[PDB]
Amino acid sequence: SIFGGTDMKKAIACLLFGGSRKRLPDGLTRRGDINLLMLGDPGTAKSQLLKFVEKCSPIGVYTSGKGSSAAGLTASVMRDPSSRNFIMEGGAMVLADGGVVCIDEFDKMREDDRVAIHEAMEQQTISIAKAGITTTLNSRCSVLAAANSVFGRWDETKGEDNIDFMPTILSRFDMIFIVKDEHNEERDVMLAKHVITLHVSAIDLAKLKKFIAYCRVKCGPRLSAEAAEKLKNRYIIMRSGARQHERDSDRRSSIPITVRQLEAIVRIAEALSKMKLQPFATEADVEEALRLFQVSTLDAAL
Amino acid sequence: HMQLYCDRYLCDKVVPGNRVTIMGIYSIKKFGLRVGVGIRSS
Amino acid sequence: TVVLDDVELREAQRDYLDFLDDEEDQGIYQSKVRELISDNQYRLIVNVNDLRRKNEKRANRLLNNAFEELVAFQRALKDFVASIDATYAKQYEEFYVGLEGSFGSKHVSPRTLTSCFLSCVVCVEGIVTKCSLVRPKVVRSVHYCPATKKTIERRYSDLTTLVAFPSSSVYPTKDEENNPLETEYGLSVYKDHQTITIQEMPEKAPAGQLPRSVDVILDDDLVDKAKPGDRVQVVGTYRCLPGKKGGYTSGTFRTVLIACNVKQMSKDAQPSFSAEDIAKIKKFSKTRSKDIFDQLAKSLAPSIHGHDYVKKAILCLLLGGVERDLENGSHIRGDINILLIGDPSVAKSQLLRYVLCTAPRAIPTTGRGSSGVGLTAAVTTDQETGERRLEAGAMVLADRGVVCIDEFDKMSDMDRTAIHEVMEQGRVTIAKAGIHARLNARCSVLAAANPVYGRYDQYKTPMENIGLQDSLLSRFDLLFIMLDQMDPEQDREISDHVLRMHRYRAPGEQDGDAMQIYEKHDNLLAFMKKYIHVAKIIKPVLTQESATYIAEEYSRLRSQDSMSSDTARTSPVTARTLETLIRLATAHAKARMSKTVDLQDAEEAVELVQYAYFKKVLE
Amino acid sequence: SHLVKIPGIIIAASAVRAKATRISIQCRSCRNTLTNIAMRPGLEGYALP
Ligand SMILES: Nc1ncnc2c1ncn2[C@@H]1O[C@H](COP(=O)(O)OP(=O)(O)O)[C@@H](O)[C@H]1O
Ligand SMILES: Nc1ncnc2c1ncn2[C@@H]1O[C@H](COP(=O)(O)OP(=O)(O)O)[C@@H](O)[C@H]1O
Ligand SMILES: [Mg+2]
Ligand SMILES: [Zn+2]
């Protein structure tokens, strides 16, 4: 029920199943989820996709950066002096543990939330240590974050400058799409057709969410060595290209492409092969993952 | 409002905030028998 | 109304006397009795899986009906410890039986401590909330009448759970002739008594729901085994209480959990060894003592590539230096503190989570998660006595432990200065008008800051590029700079490592569904904890050669000529840097189990600082 | 005291605690028990004998 945005639909598809967590024989932890950033214009259905994805996840919470009406964003714990119990206000992050948070207005977030989210996103906790206690809450959540660029839309003159988020919160992500509706007469007239078609017309949702939970609980997708070697080759090529664009522009790129992004492709491939519940994802799956990643990288090299 | 009294397997089946359709028995307390009289806590 | 015999009690006592009788078996419970007799401790901890395997029916009976069953157990214990030593068994009017093991269905949480488990020894994890004053309770009270030169001993039965009568609760004060009786406090007998409150852990508890807690009555033997905030597993008898007398009752029966034992649920005080493991550590030390630090350093933190100097430094932290408290209490600290500053996606937070999972008593502190009063301690009134109590903070909890500071850059200046005396002297001197104290937090700090601008600019100096004062960077004793060089060659290195670890699986245990000194050398790739734990205790003194060499190298570092032009200092060389040299030397020697810090460790320390501190800013 | 079904929204929930259904008492002189007294259900106390 949204016109186009086909890469974004497939991205949401991969997001909803997410990767596969790794606890290693030493003890460290690596995430098994995917983050989707959706920078761009007002007109496109960014908040509407956020709305649907919250509806369609098994457990998911769609909030603003500025907390929520009588609900925070991160968790907090506070002593109660009368009864001495450490009451635990549950934010979106913990109230949708094991789930999909859909943050909106990620640009416009609290500073305390910014810090706790830097800890929380790629590594799955929210630590809090009040006067008496020292907790470490469990926050297993996949992020669908929207935002507008500062200057209303994406002006071409401010490319590599028209984003206000920090690189140390674009690092955490696994694919970051910009959305601008610049010059497409046919697309826009067809879009008018599409939206009023929705207006007049108004698998299945329940089946899809059940299937999502089913894949996530049943299969652990984990790539094969040939797929790993292909990803290695394209990773060196991608990082060389990012370095090349950096030195060409002579100013440091406004969006990291890192080992986090390597592992983002790994998680994306795992989720894709989770769509078929095959515990060895194929080089074809990793190729389509790189395709989605290049459609994410359209802005970085740009 | 209404004070509600659960029982063995009606306990902890509902968490604060969950709307319910709940089937039970209206009753007044019985603990041994304010400008009003004959008004026990229902 | 003395009972002549009961088949139930006789049977149960016979069964548990057999269970304690361990000679034809390996001697485990006999050894437990002998060691507790040697200790003077008077509780013996019997594993429920042992009881179940030797007699499942008795385990079912006991875990369904505790108190009388444990009376049988404890009478058997008294008879048994009397046979081993009658003299010691006579010493204590009772001996007790703690529990342990797999309380399978009998492991719930205070949210799930329903009314099905009454008089059943329940197992429950949770966080303490309160610590009532541990106050005496009289058990056998002696009196003296001076008019009649008389002595009496009134006797009390611990009916904390059963029905209690005034005739049992009388405290005598006059004789039959209405004379005055004077209590004999010393000749009387008392047992401590404390109440505490376990709570469902917020990490375990439901996200959006209020806490739920259970009351726990620790009598003697369990006085100070649980303070507020601690993680504790309590196993014991949920029961009902008697309402005090009165012709009416509502049905309410406020319930408790008379704990049978409580253990530290952290499960990080784990020195569990065997003599074979001790010999293993001893040979591991002595055979290759000179390369052992590099062995450990390369070993530590697998599932990450390179950063070998940082692994060496985190070893220097975890192994620790040696605290020094001189003649007049001038306490010179013996902890390392490391500041990871580096580009994003450099596994800094992964190192932090590694030390969280490994180092005992490790605790995480976020930038604006924890804040000041949370970080260090606090003073607050009781409101039940109008008296000022002290609430130990994160650092004080982490006394003789580790704190992992995520996003150290984001702590505001108030807290960044509040950490000062814990950073240097490892104490927090707190005070308000009623109460003052110097809480002791001999902590160690591994802190992962991030650079200004969100990523290090190579050409800019480190002091410009770090948003942190020289004041604090003095107190930190090492500052390690982690750059993402972005070269394809080292990218191939890191990438192959990372994807190998993405390919590593639970060996054999998994099929496709998601959730010894040396290691079996898995191509795709415990004793760490054992060895570093034993390593912490040694106090390797500095040799004259090491002290002179470390002194001269420090003088060289202070002199400006030691840094060439085009390099920029990352931390000014105050005398804290010399003490850093000594502490890192001691940590290396402790790795070697040296018993003396030698020139090898000294030159390793100087190598460490020379790489860590002076940075080559490029043009 | 009829059978009523209603719609509502919970806004809190006290703890799960222990109310009795059978209670045995015993005398203070002869210690004879009077076991198995039918304690009533709901909020309804019971004056002791
Ligand atoms: N492609 C589209 N087709 C139909 N309706 C759309 C489309 N894009 C946006 N809309 C409408 O615009 C409204 C607001 O868009 P929104 O979801 O807030 O995205 P943004 O946050 O970028 O404005 C939605 O309620 C939706 O009905
Ligand atoms: N030195 C390294 N060796 C192997 N993998 C690394 C290294 N540095 C970063 N990574 C990868 O990049 C990711 C970065 O995660 P994290 O450490 O949480 O963020 P940051 O590095 O910004 O603190 C890790 O999941 C890890 O897989
Ligand atoms: Mg929006
Ligand atoms: Zn009587």
# chains A, B, ... in the order shown; residues from 1 in each chain; ligands from 1
>>> select_by_dssp(residues="chain D", states="strand (DSSP E or B)", output="list in words")
residues 3, 4, 5, 6, 7, 8, 9, 19, 22, 23, 26, 33, 37, 38, 44, 46 and 47 of chain D
>>> write_last_selection(atoms="N, CA and C atoms", output="compact mmCIF listing (two decimals), in the first residue's frame")
# COMPACT_ATOMS: atom_id res chain seq x y z
N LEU D 3 -24.09 -12.79 39.33
CA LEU D 3 -22.98 -13.06 38.42
C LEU D 3 -22.92 -11.94 37.40
N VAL D 4 -21.83 -11.17 37.44
CA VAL D 4 -21.64 -9.97 36.63
C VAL D 4 -20.36 -10.10 35.82
N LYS D 5 -20.49 -9.92 34.51
CA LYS D 5 -19.36 -9.72 33.61
C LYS D 5 -19.28 -8.24 33.28
N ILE D 6 -18.06 -7.70 33.27
CA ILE D 6 -17.87 -6.28 33.00
C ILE D 6 -16.62 -6.07 32.15
N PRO D 7 -16.54 -4.92 31.41
CA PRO D 7 -15.27 -4.51 30.81
C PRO D 7 -14.54 -3.50 31.68
N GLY D 8 -13.22 -3.60 31.78
CA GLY D 8 -12.49 -2.62 32.55
C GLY D 8 -11.06 -2.53 32.07
N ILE D 9 -10.33 -1.59 32.65
CA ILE D 9 -8.89 -1.46 32.44
C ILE D 9 -8.22 -1.52 33.80
N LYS D 19 -3.73 -15.86 51.51
CA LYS D 19 -4.96 -15.93 52.30
C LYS D 19 -5.33 -17.39 52.48
N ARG D 22 -8.23 -23.27 54.69
CA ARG D 22 -8.37 -24.13 55.85
C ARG D 22 -7.40 -23.64 56.91
N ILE D 23 -7.86 -23.52 58.14
CA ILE D 23 -7.03 -23.09 59.26
C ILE D 23 -7.31 -23.98 60.45
N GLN D 26 -5.45 -24.17 67.88
CA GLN D 26 -5.29 -25.06 69.02
C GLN D 26 -5.39 -24.26 70.30
N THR D 33 -6.32 -29.45 69.26
CA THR D 33 -6.53 -28.70 68.03
C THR D 33 -8.01 -28.71 67.68
N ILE D 37 -10.94 -25.92 59.79
CA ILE D 37 -12.04 -24.97 59.85
C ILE D 37 -12.21 -24.35 58.47
N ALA D 38 -13.45 -24.30 58.00
CA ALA D 38 -13.74 -23.83 56.65
C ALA D 38 -13.67 -22.31 56.61
N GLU D 44 -13.43 -11.95 53.62
CA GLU D 44 -14.39 -12.37 54.63
C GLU D 44 -13.61 -12.98 55.79
N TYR D 46 -13.07 -14.19 59.89
CA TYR D 46 -13.68 -15.28 60.64
C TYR D 46 -13.34 -15.10 62.11
N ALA D 47 -14.35 -14.78 62.93
CA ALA D 47 -14.13 -14.63 64.36
C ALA D 47 -13.78 -15.97 64.98
>>> residues_near_ligand(ligand="ligand 1", cutoff="12 Å", atoms="only C-alpha atoms and all ligand atoms", output="number ranges by chain")
A: 1-6, 8-9, 38-53, 64, 102-106, 145-149, 152-153, 178-181, 187-199
>>> interface_residues(of="chain C", to="chain B", cutoff="9 Å", atoms="only C-alpha atoms", output="compact mmCIF listing (two decimals) with N, CA, C and O atoms, in the first residue's frame")
# COMPACT_ATOMS: atom_id res chain seq x y z
N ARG C 111 8.53 -13.05 41.68
CA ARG C 111 7.28 -12.93 40.95
C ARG C 111 6.54 -14.26 40.93
O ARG C 111 5.31 -14.29 41.03
N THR C 112 7.28 -15.37 40.82
CA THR C 112 6.73 -16.71 40.67
C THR C 112 6.91 -17.55 41.93
O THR C 112 7.13 -18.76 41.85
N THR C 114 4.58 -18.53 44.15
CA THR C 114 3.14 -18.65 44.39
C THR C 114 2.88 -19.31 45.74
O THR C 114 3.80 -19.63 46.50
N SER C 115 1.60 -19.52 46.03
CA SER C 115 1.16 -20.17 47.26
C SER C 115 1.13 -21.69 47.14
O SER C 115 0.49 -22.34 47.96
N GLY C 208 7.83 -3.79 31.94
CA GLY C 208 6.95 -2.71 32.30
C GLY C 208 6.29 -2.81 33.65
O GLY C 208 5.40 -1.99 33.95
N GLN C 209 6.69 -3.75 34.50
CA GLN C 209 5.93 -4.13 35.67
C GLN C 209 6.62 -3.68 36.94
O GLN C 209 7.84 -3.50 36.98
N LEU C 210 5.83 -3.51 37.99
CA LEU C 210 6.35 -3.11 39.28
C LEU C 210 7.25 -4.21 39.83
O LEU C 210 7.15 -5.37 39.42
N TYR C 248 -10.43 -12.09 66.38
CA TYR C 248 -10.75 -12.01 64.97
C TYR C 248 -9.54 -12.36 64.13
O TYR C 248 -8.39 -12.18 64.55
N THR C 249 -9.80 -12.88 62.94
CA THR C 249 -8.80 -12.97 61.90
C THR C 249 -9.47 -12.71 60.57
O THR C 249 -10.55 -13.23 60.30
N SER C 250 -8.85 -11.85 59.76
CA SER C 250 -9.01 -11.99 58.33
C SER C 250 -8.14 -13.15 57.88
O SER C 250 -7.26 -13.61 58.61
>>> atom_distance(atom1="atom CA of residue C:117", atom2="atom CA of residue C:8")
21.7 Å
>>> closest_residue(among="C:215, C:601, C:493, C:325", to="chain D", atoms="only C-alpha atoms")
C:215
>>> atom_distance(atom1="atom CA of residue C:457", atom2="atom 8 (N, counted along the ligand's line) of ligand 2")
18.1 Å
>>> interface_residues(of="chain C", to="chain D", cutoff="12 Å", atoms="only C-alpha atoms", output="JSON, numbers by chain")
{"C": [1, 110, 111, 112, 113, 114, 115, 116, 117, 118, 162, 163, 164, 165, 166, 167, 168, 208, 209, 210, 211, 212, 213, 214, 215, 238, 239, 240, 241, 242, 243, 245, 246, 247, 248, 249, 250, 251, 252, 253, 254, 255, 256]}
>>> write_last_selection(atoms="C-alpha atoms", output="mmCIF file, in the first residue's frame")
data_model
loop_
_atom_site.group_PDB
_atom_site.id
_atom_site.type_symbol
_atom_site.label_atom_id
_atom_site.label_comp_id
_atom_site.auth_asym_id
_atom_site.auth_seq_id
_atom_site.Cartn_x
_atom_site.Cartn_y
_atom_site.Cartn_z
ATOM 1 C CA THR C 1 3.961 -35.436 75.789
ATOM 2 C CA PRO C 110 9.777 -13.757 43.657
ATOM 3 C CA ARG C 111 7.281 -12.928 40.948
ATOM 4 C CA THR C 112 6.727 -16.707 40.674
ATOM 5 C CA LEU C 113 6.795 -17.638 44.381
ATOM 6 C CA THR C 114 3.145 -18.650 44.386
ATOM 7 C CA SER C 115 1.161 -20.171 47.258
ATOM 8 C CA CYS C 116 1.921 -23.691 46.000
ATOM 9 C CA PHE C 117 5.388 -23.799 47.612
ATOM 10 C CA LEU C 118 4.532 -23.541 51.320
ATOM 11 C CA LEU C 162 4.735 -22.215 64.453
ATOM 12 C CA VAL C 163 2.130 -21.116 67.020
ATOM 13 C CA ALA C 164 3.589 -19.231 69.996
ATOM 14 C CA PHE C 165 2.012 -18.898 73.450
ATOM 15 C CA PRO C 166 2.489 -16.263 76.200
ATOM 16 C CA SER C 167 3.535 -19.052 78.562
ATOM 17 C CA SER C 168 6.406 -19.679 76.147
ATOM 18 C CA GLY C 208 6.946 -2.710 32.300
ATOM 19 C CA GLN C 209 5.925 -4.132 35.671
ATOM 20 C CA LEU C 210 6.348 -3.112 39.280
ATOM 21 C CA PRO C 211 8.957 -4.939 41.362
ATOM 22 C CA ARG C 212 8.015 -7.939 43.453
ATOM 23 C CA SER C 213 9.953 -8.864 46.574
ATOM 24 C CA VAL C 214 9.999 -11.439 49.366
ATOM 25 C CA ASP C 215 11.013 -11.096 53.007
ATOM 26 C CA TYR C 238 8.629 -20.316 52.411
ATOM 27 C CA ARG C 239 6.038 -20.507 55.192
ATOM 28 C CA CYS C 240 3.272 -18.563 56.933
ATOM 29 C CA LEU C 241 3.441 -16.376 60.029
ATOM 30 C CA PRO C 242 1.127 -16.321 63.053
ATOM 31 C CA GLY C 243 -1.003 -13.256 63.562
ATOM 32 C CA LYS C 245 -3.597 -13.117 69.399
ATOM 33 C CA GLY C 246 -7.030 -11.610 68.998
ATOM 34 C CA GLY C 247 -10.508 -13.007 68.634
ATOM 35 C CA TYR C 248 -10.753 -12.014 64.968
ATOM 36 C CA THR C 249 -8.796 -12.966 61.896
ATOM 37 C CA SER C 250 -9.015 -11.991 58.325
ATOM 38 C CA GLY C 251 -7.602 -14.778 56.248
ATOM 39 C CA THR C 252 -4.406 -12.827 55.534
ATOM 40 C CA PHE C 253 -1.179 -14.659 56.350
ATOM 41 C CA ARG C 254 1.802 -12.452 55.579
ATOM 42 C CA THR C 255 4.501 -14.878 54.475
ATOM 43 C CA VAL C 256 8.283 -15.006 54.617
#
>>> closest_residue(among="A:65, A:279, A:98, A:60", to="ligand 3", atoms="only C-alpha atoms and all ligand atoms")
A:65
>>> residues_near_ligand(ligand="ligand 2", cutoff="7 Å", atoms="only C-alpha atoms and all ligand atoms", output="VMD selection string")
(chain A and resid 30 122 to 123 168 259 to 260 263) or (chain C and resid 303 to 307 343 to 350 494 497 to 498)
>>> interface_residues(of="chain C", to="chain A", cutoff="6 Å", atoms="only C-alpha atoms", output="ChimeraX atom specification")
/C:203,207-208,229,344,354,368-370,373-374,391-393,454,488,512-514
>>> write_last_selection(atoms="N, CA and C atoms", output="mmCIF file, in the first residue's frame")
data_model
loop_
_atom_site.group_PDB
_atom_site.id
_atom_site.type_symbol
_atom_site.label_atom_id
_atom_site.label_comp_id
_atom_site.auth_asym_id
_atom_site.auth_seq_id
_atom_site.Cartn_x
_atom_site.Cartn_y
_atom_site.Cartn_z
ATOM 1 N N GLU C 203 17.065 -6.908 35.472
ATOM 2 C CA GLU C 203 17.490 -7.522 34.221
ATOM 3 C C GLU C 203 16.662 -8.755 33.905
ATOM 4 N N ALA C 207 9.500 -6.147 31.823
ATOM 5 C CA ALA C 207 9.996 -4.812 31.515
ATOM 6 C C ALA C 207 9.136 -3.728 32.147
ATOM 7 N N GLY C 208 7.830 -3.795 31.944
ATOM 8 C CA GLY C 208 6.946 -2.710 32.300
ATOM 9 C C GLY C 208 6.285 -2.806 33.654
ATOM 10 N N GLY C 229 21.526 -4.279 47.354
ATOM 11 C CA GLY C 229 22.065 -4.201 46.020
ATOM 12 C C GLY C 229 22.742 -5.462 45.535
ATOM 13 N N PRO C 344 35.423 5.122 15.559
ATOM 14 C CA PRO C 344 34.355 4.141 15.761
ATOM 15 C C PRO C 344 34.664 2.836 15.050
ATOM 16 N N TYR C 354 34.298 -7.725 26.963
ATOM 17 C CA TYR C 354 35.134 -8.865 27.322
ATOM 18 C C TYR C 354 35.517 -8.822 28.791
ATOM 19 N N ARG C 368 25.756 8.916 30.439
ATOM 20 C CA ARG C 368 24.615 9.499 31.133
ATOM 21 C C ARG C 368 23.627 8.451 31.626
ATOM 22 N N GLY C 369 24.008 7.175 31.624
ATOM 23 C CA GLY C 369 23.285 6.186 32.392
ATOM 24 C C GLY C 369 23.557 6.397 33.864
ATOM 25 N N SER C 370 24.799 6.165 34.277
ATOM 26 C CA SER C 370 25.246 6.468 35.625
ATOM 27 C C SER C 370 25.752 7.901 35.683
ATOM 28 N N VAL C 373 26.411 10.851 41.881
ATOM 29 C CA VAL C 373 25.805 10.200 43.046
ATOM 30 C C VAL C 373 25.555 8.717 42.790
ATOM 31 N N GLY C 374 25.198 8.358 41.557
ATOM 32 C CA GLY C 374 25.171 6.954 41.198
ATOM 33 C C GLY C 374 26.564 6.365 41.101
ATOM 34 N N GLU C 391 24.747 5.005 51.066
ATOM 35 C CA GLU C 391 24.347 4.168 49.939
ATOM 36 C C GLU C 391 25.543 4.038 49.005
ATOM 37 N N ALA C 392 26.176 2.867 49.013
ATOM 38 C CA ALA C 392 27.407 2.674 48.264
ATOM 39 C C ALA C 392 27.135 2.742 46.774
ATOM 40 N N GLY C 393 27.999 3.453 46.058
ATOM 41 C CA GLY C 393 27.816 3.694 44.645
ATOM 42 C C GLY C 393 28.430 2.613 43.784
ATOM 43 N N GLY C 454 33.657 13.073 16.096
ATOM 44 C CA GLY C 454 33.142 11.762 15.775
ATOM 45 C C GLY C 454 34.132 10.826 15.126
ATOM 46 N N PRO C 488 43.933 -1.453 2.602
ATOM 47 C CA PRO C 488 43.401 -2.763 2.196
ATOM 48 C C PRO C 488 44.129 -3.952 2.798
ATOM 49 N N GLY C 512 22.061 -25.880 13.188
ATOM 50 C CA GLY C 512 21.471 -24.968 12.226
ATOM 51 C C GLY C 512 20.447 -24.028 12.830
ATOM 52 N N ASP C 513 19.929 -24.354 14.016
ATOM 53 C CA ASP C 513 19.097 -23.421 14.766
ATOM 54 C C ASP C 513 19.974 -22.491 15.592
ATOM 55 N N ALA C 514 19.596 -21.215 15.624
ATOM 56 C CA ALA C 514 20.248 -20.240 16.480
ATOM 57 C C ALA C 514 19.663 -20.300 17.891
#
>>> residues_around(residues="stretch 466-471 of chain C", least_positions_apart="2", cutoff="9 Å", atoms="only C-alpha atoms", output="VMD selection string")
chain C and resid 341 409 449 to 452 456 461 to 464 473 to 475 570 to 572
>>> write_last_selection(atoms="N, CA and C atoms", output="short mmCIF file (atom, residue, chain, number, x, y, z; two decimals), in the first residue's frame")
data_model
loop_
_atom_site.label_atom_id
_atom_site.label_comp_id
_atom_site.auth_asym_id
_atom_site.auth_seq_id
_atom_site.Cartn_x
_atom_site.Cartn_y
_atom_site.Cartn_z
N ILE C 341 40.91 5.77 23.29
CA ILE C 341 40.38 6.81 22.42
C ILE C 341 40.70 6.40 21.00
N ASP C 409 33.68 10.11 27.28
CA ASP C 409 33.67 11.49 26.82
C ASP C 409 32.39 12.21 27.23
N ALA C 449 36.47 6.31 25.59
CA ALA C 449 36.01 7.57 25.06
C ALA C 449 36.00 7.51 23.54
N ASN C 450 35.36 8.50 22.93
CA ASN C 450 35.36 8.66 21.48
C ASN C 450 35.84 10.06 21.14
N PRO C 451 36.45 10.25 19.98
CA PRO C 451 37.15 11.50 19.72
C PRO C 451 36.18 12.62 19.40
N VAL C 452 36.68 13.85 19.53
CA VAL C 452 35.91 14.99 19.06
C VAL C 452 35.78 14.86 17.55
N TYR C 456 38.77 10.52 14.56
CA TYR C 456 40.07 11.16 14.68
C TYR C 456 40.50 11.74 13.34
N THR C 461 46.36 17.53 16.29
CA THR C 461 47.07 16.98 17.43
C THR C 461 46.11 16.21 18.33
N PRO C 462 46.62 15.25 19.12
CA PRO C 462 45.72 14.52 20.02
C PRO C 462 45.08 15.39 21.08
N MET C 463 45.81 16.38 21.60
CA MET C 463 45.23 17.24 22.62
C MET C 463 44.08 18.06 22.05
N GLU C 464 44.22 18.53 20.82
CA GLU C 464 43.10 19.20 20.16
C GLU C 464 41.97 18.22 19.93
N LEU C 473 43.69 13.72 32.21
CA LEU C 473 44.61 12.83 31.52
C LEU C 473 45.87 12.58 32.32
N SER C 474 46.21 13.46 33.26
CA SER C 474 47.23 13.09 34.23
C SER C 474 46.78 11.88 35.05
N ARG C 475 45.57 11.94 35.62
CA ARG C 475 45.13 10.89 36.55
C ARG C 475 45.03 9.54 35.85
N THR C 570 50.33 12.89 23.94
CA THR C 570 48.93 12.55 24.19
C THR C 570 48.54 12.69 25.65
N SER C 571 49.49 12.59 26.59
CA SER C 571 49.25 12.78 28.01
C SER C 571 50.51 13.38 28.65
N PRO C 572 50.45 14.52 29.35
CA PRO C 572 51.68 15.09 29.90
C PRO C 572 52.31 14.18 30.94
#
>>> atom_distance(atom1="atom CA of residue C:38", atom2="atom CA of residue C:95")
14.4 Å
>>> closest_residue(among="A:268, A:300, A:70, A:144", to="ligand 3", atoms="only C-alpha atoms and all ligand atoms")
A:144
>>> select_by_dssp(residues="stretch 485-602 of chain C", states="helix (DSSP H, G or I)", output="ChimeraX atom specification")
/C:488-503,527-535,544-558,560-562,575-592,599-602
>>> interface_residues(of="chain B", to="chain D", cutoff="6 Å", atoms="only C-alpha atoms", output="VMD selection string")
chain B and resid 16 to 27 29 to 31
>>> decode(residues="stretch 47-62 of chain A", atoms="N, CA and C atoms", output="PDB file, in the first residue's frame")
ATOM      1  N   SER A  47       7.197   7.910   7.861  1.00  0.00           N
ATOM      2  CA  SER A  47       6.540   7.588   9.121  1.00  0.00           C
ATOM      3  C   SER A  47       5.485   6.517   8.915  1.00  0.00           C
ATOM      4  N   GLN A  48       4.906   6.445   7.718  1.00  0.00           N
ATOM      5  CA  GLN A  48       3.884   5.444   7.457  1.00  0.00           C
ATOM      6  C   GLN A  48       4.486   4.050   7.386  1.00  0.00           C
ATOM      7  N   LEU A  49       5.661   3.923   6.770  1.00  0.00           N
ATOM      8  CA  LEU A  49       6.372   2.650   6.821  1.00  0.00           C
ATOM      9  C   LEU A  49       6.753   2.292   8.253  1.00  0.00           C
ATOM     10  N   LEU A  50       7.197   3.279   9.042  1.00  0.00           N
ATOM     11  CA  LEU A  50       7.452   3.030  10.462  1.00  0.00           C
ATOM     12  C   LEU A  50       6.198   2.505  11.160  1.00  0.00           C
ATOM     13  N   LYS A  51       5.059   3.133  10.875  1.00  0.00           N
ATOM     14  CA  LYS A  51       3.779   2.739  11.452  1.00  0.00           C
ATOM     15  C   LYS A  51       3.455   1.290  11.121  1.00  0.00           C
ATOM     16  N   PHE A  52       3.543   0.934   9.837  1.00  0.00           N
ATOM     17  CA  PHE A  52       3.218  -0.434   9.463  1.00  0.00           C
ATOM     18  C   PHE A  52       4.189  -1.424  10.079  1.00  0.00           C
ATOM     19  N   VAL A  53       5.483  -1.110  10.084  1.00  0.00           N
ATOM     20  CA  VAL A  53       6.456  -2.082  10.570  1.00  0.00           C
ATOM     21  C   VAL A  53       6.226  -2.351  12.043  1.00  0.00           C
ATOM     22  N   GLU A  54       5.842  -1.322  12.800  1.00  0.00           N
ATOM     23  CA  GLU A  54       5.470  -1.570  14.187  1.00  0.00           C
ATOM     24  C   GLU A  54       4.261  -2.478  14.267  1.00  0.00           C
ATOM     25  N   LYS A  55       3.262  -2.240  13.419  1.00  0.00           N
ATOM     26  CA  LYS A  55       2.085  -3.101  13.445  1.00  0.00           C
ATOM     27  C   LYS A  55       2.455  -4.545  13.113  1.00  0.00           C
ATOM     28  N   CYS A  56       3.392  -4.734  12.188  1.00  0.00           N
ATOM     29  CA  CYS A  56       3.657  -6.027  11.580  1.00  0.00           C
ATOM     30  C   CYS A  56       4.744  -6.826  12.276  1.00  0.00           C
ATOM     31  N   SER A  57       5.567  -6.212  13.115  1.00  0.00           N
ATOM     32  CA  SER A  57       6.517  -7.009  13.867  1.00  0.00           C
ATOM     33  C   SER A  57       5.756  -7.852  14.888  1.00  0.00           C
ATOM     34  N   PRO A  58       6.314  -8.988  15.326  1.00  0.00           N
ATOM     35  CA  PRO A  58       5.660  -9.705  16.436  1.00  0.00           C
ATOM     36  C   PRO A  58       5.547  -8.854  17.685  1.00  0.00           C
ATOM     37  N   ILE A  59       6.657  -8.261  18.123  1.00  0.00           N
ATOM     38  CA  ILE A  59       6.680  -7.275  19.200  1.00  0.00           C
ATOM     39  C   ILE A  59       7.460  -6.060  18.710  1.00  0.00           C
ATOM     40  N   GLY A  60       6.796  -4.909  18.645  1.00  0.00           N
ATOM     41  CA  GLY A  60       7.445  -3.713  18.148  1.00  0.00           C
ATOM     42  C   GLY A  60       6.774  -2.463  18.655  1.00  0.00           C
ATOM     43  N   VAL A  61       7.582  -1.422  18.862  1.00  0.00           N
ATOM     44  CA  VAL A  61       7.150  -0.169  19.496  1.00  0.00           C
ATOM     45  C   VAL A  61       7.647   1.003  18.660  1.00  0.00           C
ATOM     46  N   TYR A  62       6.731   1.872  18.235  1.00  0.00           N
ATOM     47  CA  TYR A  62       7.045   2.980  17.338  1.00  0.00           C
ATOM     48  C   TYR A  62       6.940   4.262  18.137  1.00  0.00           C
TER      49      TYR A  62
END
